[PDB]
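Line by line, the protein sequences give chains A, B, C and D.
All letters in the first sequence, in the order written, are residues 5 to 170, 182 to 193, 200 to 278 by the authors' numbering.
All letters in the second sequence, in the order written, are residues 5 to 170, 182 to 193, 200 to 278 by the authors' numbering.
All letters in the third sequence, in the order written, are residues 5 to 170, 182 to 193, 200 to 278 by the authors' numbering.
All letters in the fourth sequence, in the order written, are residues 5 to 170, 182 to 193, 200 to 278 by the authors' numbering.
The beta-carbon is built from N, C-alpha and C at its ideal position, and this holds for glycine as well.
Protein chains: 4
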Amino acid sequence: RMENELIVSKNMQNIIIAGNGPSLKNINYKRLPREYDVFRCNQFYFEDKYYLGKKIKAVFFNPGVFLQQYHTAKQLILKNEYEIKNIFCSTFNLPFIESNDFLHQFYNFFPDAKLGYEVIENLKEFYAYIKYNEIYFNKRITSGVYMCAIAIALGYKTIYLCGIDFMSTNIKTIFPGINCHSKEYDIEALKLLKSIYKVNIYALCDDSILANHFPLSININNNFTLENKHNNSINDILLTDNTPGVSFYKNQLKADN
Amino acid sequence: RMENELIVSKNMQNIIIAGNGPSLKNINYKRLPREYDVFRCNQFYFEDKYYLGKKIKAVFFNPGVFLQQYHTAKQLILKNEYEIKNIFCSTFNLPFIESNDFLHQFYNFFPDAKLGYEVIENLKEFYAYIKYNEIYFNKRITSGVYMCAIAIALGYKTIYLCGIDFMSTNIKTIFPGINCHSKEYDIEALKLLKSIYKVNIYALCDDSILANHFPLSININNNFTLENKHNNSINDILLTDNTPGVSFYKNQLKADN
Amino acid sequence: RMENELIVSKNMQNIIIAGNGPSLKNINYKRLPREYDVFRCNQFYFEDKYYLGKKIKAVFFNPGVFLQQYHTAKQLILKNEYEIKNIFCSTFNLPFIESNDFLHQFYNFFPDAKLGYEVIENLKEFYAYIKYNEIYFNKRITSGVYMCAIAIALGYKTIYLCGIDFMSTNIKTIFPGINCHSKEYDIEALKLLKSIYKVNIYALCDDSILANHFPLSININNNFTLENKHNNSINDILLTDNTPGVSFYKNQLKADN
Amino acid sequence: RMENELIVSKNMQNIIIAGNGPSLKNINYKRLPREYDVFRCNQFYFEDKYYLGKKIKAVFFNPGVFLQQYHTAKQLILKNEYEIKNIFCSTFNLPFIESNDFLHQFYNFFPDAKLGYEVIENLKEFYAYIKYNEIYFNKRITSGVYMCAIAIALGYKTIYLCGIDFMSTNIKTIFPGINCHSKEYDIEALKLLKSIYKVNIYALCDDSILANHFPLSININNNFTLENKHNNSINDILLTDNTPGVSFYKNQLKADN
């Protein structure tokens, strides 16, 4: 069904990495390269239009809601709303972020999914750098930056960013009840990825704060057909049924927190 | 004594997979291929006649009663009632189905046995498919389907089914006291195995519900000598003695439940 | 200091395996082969004379007293009483015999020692056979038989037995306070090792019960210099000091029992 | 940033190993070889002058304060006070010295660091020798000796010692509150490393007790520029902030003690 391993050919090393910020709807489609893969994260399906098309090379989800996101992704595929080749769980392999049970049982529950830390741990210098900042200074990169690192470790050489700026009703039912991230840390981490691994990073949204830090991609007069989402499109994270498997999973997660 | 690894030669890729349903006694022996291996499961020895002969390529048992079935199989071999080349424990490697202790101590207790999940986990697409259904929808395939997947992952290309329809006195003493399986899920899973791995699946029992879903094998006028079971044949699952090893095993199993 | 791996050359496949029974002093030295390695077990050093010389290829100790035996062996070497090339811990890798902590921490405490089960587990048929008998029937082979299996798995083809028949003051201080073994099981297991792995097994003591089951080796008029043990020879298992390491080890052992 | 693996070329096998004893300031710089790498340990940065320069091939820290030392080393590098190519945690892989959690989570917290025991465990004879002495006699080698073993296992053939003789205010705040090491054990262990692995060991300090046991290196009229440390040099072990990662780490360490 989906990819065993995500292999990047030296003939196509372009990747579009998108967050879910406002600028996602303000993409300058003329600046996109003619060839590219797309990385989406978290609640990307909440989008009312296919701002980056229906074919996603990889999606990224946080461990806290992986159970529901994994299920939501399967359904997005089954309902033909998106084509998803890979599903990653954005991880750092740190015991105070991901419990041992979670990491150790990950593949038992999600055999075709992938733990992100096994990919970024290869960026030895960058990896040691984010763990040092996390552990001793409480600084953590956001999903967009995490995806950039993943793209770099995988072999992409040119990155185009959008949606990086600086509904949850089902989330409210999932989590009954109501400072490590920062614009500066994100930028610094992005600049480090650039200088260490020699890759290019462009912005795609003309009026984004992001554009003040990275050069907007060249307007090569590219075109794009913006397709609107269907009426009954999944627009919120899916809830899970209390089956024996789900109750076992949730019971164990709750304990570890 | 028995096989280290079950290897299928490209010269003989026929496998007969049998459940213990009524249709087991209504096999149309003329439809069997001239060459084939046989897979049996659970309480197959309860059979009053050798409906499929004495030579079994592999037997399959559920973890819940593996201790007693393993012992029962050894005795079936020792008493010359059957020839058994492999013994599998039908597993999925899911913590809410098989405890960690069970899986982790499996080979320590049964060195010449085999964990089924290590075989079917290679059918990547099918594997992800049954885990998704199990975990999120409480749907589980039955032993016959499990055996089909095992046969496919091992290299068999043509499957012939029987005994798939849709005493326990020693079982009652083993378990003092008295919804995930379904005809539809089984069929769907079988059809998926067929379309993904390109194999053929035939029925062998003319008057079975199974025949309404899979094509009866061609009557090639094959013959079969139906041998009756001897008087003192083991016809019920064997009970174990409360040795230090068995009491340790049972004590730990009981805890995990 | 001692051997990393015990390798048997096809030029010398003779091994002398000795228990500590009475017949140890009644060895017919004329029957020994001209070339051979020696395996000793448990309290072999209690011997008042070097009934089999000072050079031992491997010694075997039970887990229950391994801590003290390991220490005792080191001292036997340091004091020049014996030359010991390998030290094995006779194990089966069964949780009701060896705790998980013991097995898992084994090499951390005894880096140059060796777990026997990692050697005999290669005798697949024999291994499955002893585990079946142990677990379901409470039958266990004795050290002499264990050593035979180890010798066979290592490559020796001809076995010569002695000391197999069918002080502890420091043992009494080690264990303050006061049915799985049998002559028949031992013989049967020895006969099985013979028929499965095609090796020869001879007896060396003319007046031993063992000689009624295995053929005495041919009197090839071999000679032997029986050296008496020195006055201050270690003749009892050594006691350990309550260092932080020993107290930690003993505290954990006690718990697991 | 720093080395993945510390490789010693056969063209440069000289290593300078220094403790923090008084003799560190009494080094006879004329005796140093023209080519060499340097190993420093523990509170080496407390030094008021660069007695061995600014380029350290590897630093060694004890597990008890690794969290703070790791952080201190990163800062020494960032502040340009020292160049550090490798960071080792001096370990023996013994459960009564290093908790299982510590060892098992080590790389998760310090991805670019290195566990020393994985290096010295290759000196099979020496390794078995120190574990035997530690466990049964409560004798442990000091950091200088530990570094010598590490250097030898890595490929250095000639060792030059200094600082081996026989502030903590931040240490007092780290550890609120106030017999296995010995001059004789250290010397004996050093002599053993010499006779087993055929390497040379020289002293560099003319008036050190160490010089009475190892030959002072030849005065080859070598020269050395003694650079004083800057005013604001880090001269005490750095304290860590109570971030979620640090509090998790410390909470777990405290438990295991």
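- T95(D) places its beta carbon 8 Å or farther from that of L71(D).
- In this structure the segment 59 to 70 of chain A touches the segment 34 to 48 of chain A; the number of beta carbon pairs closer than 8 Å is three or more.
- In the three-state scheme derived from DSSP, where H, G and I count as helix and E and B as strand, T162(A) is classed as strand.
- Residue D228(D) holds the alpha-carbon nearest to the alpha-carbon of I31(D) among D228(D), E125(D) and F141(D).
- Under the Cβ criterion of 8 Å, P99(C) is counted among the residues facing chain B.
- When DSSP states are grouped into helix, strand and coil, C201(B) belongs to the coil group.
- Looking at the DSSP output, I193(D) shares a beta bridge with no other residue.
- Residue state for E248(A) is assigned as coil, using DSSP reduced to three classes.
- With respect to the C-alpha of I81(C), the residue from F245(C), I139(C), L165(C) and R5(C) having the closest C-alpha is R5(C).
- The closest CA to that of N278(C), considering only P26(C), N104(C) and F245(C), is found on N104(C).
- Counting along the chain, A224(A) sits inside the beta strand (DSSP E) bounded by residues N221 to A224.
- In this structure, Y160(C) sits near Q17(C), with a CB-CB distance shorter than 8 Å.
- Secondary structure at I186(B): helix, using DSSP grouped into helix, strand and coil.
- Taken in chain order, the members of the segment 138 to 151 of chain B whose beta-carbon sits within less than 7 Å of a beta-carbon on chain A are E138, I139, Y140, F141 and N142.
- Between the alpha carbons of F269(B) and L98(D) lies a distance of about 29 Å.
- A Cβ of chain B is located within less than 8 Å of the beta carbon of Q109(A).
- Membership of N272(A) in the alpha helix (DSSP H) is indicated by the continuous run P265 to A276.
- In this chain, the beta strand (DSSP E) harbouring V42(C) covers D41 to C45.
- Looking from the CA of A155(B), the closest CA among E125(B), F141(B), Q109(B) and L274(B) belongs to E125(B).
- According to the DSSP secondary-structure assignment, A22(A) is paired through a beta bridge with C166(A).
- Of all alpha-carbon atoms in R35(D), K128(D), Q73(D) and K250(D), the one lying nearest the alpha-carbon of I186(D) is that of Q73(D).
- DSSP places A77(A) in the uninterrupted alpha helix (DSSP H) bounded by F70 to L82.
- With respect to chain A, the C-beta atom of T76(D) has no partner C-beta closer than 8 Å.
- The closest CA to that of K78(A), considering only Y140(B), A157(B), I21(B) and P26(B), is found on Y140(B).
- Between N221(A) and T184(A), the CB-CB gap reaches or exceeds 8 Å.
- Sequence-distant Cβ neighbours of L36(B) in its own chain, meaning closer than 8 Å and more than five residues away, are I20, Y164, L225, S238, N243 and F245.
- What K215(D) touches in chain C, judged by beta-carbon distance under 8 Å, is nothing: the nearest beta carbon there is about 16 Å away.
- Look at the segment 56 to 82 of chain D: the residues with a C-beta under 7 Å from a C-beta of chain A are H75 and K78.
- Secondary structure note for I134(A): its alpha helix (DSSP H) is the uninterrupted segment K128 to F141.
- By the 16-neighbour rule on beta-carbons within 10 angstroms, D52(A) is exposed.
- The Cβ atoms of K59(A) and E87(A) sit closer than 8 Å to each other.
- Look at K212(B): its C-beta is not under 8 Å from any C-beta on chain A.
- The beta-carbon distance between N240(C) and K34(C), rounded to whole angstroms, is 5 Å. This is short enough to meet the 8 Å contact definition.
- Going by beta carbons, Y111(A) and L213(A) fall outside the 8 Å limit.
- Taking 8 Å as the cut-off, the Cβ atoms of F130(B) and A153(B) count as close.
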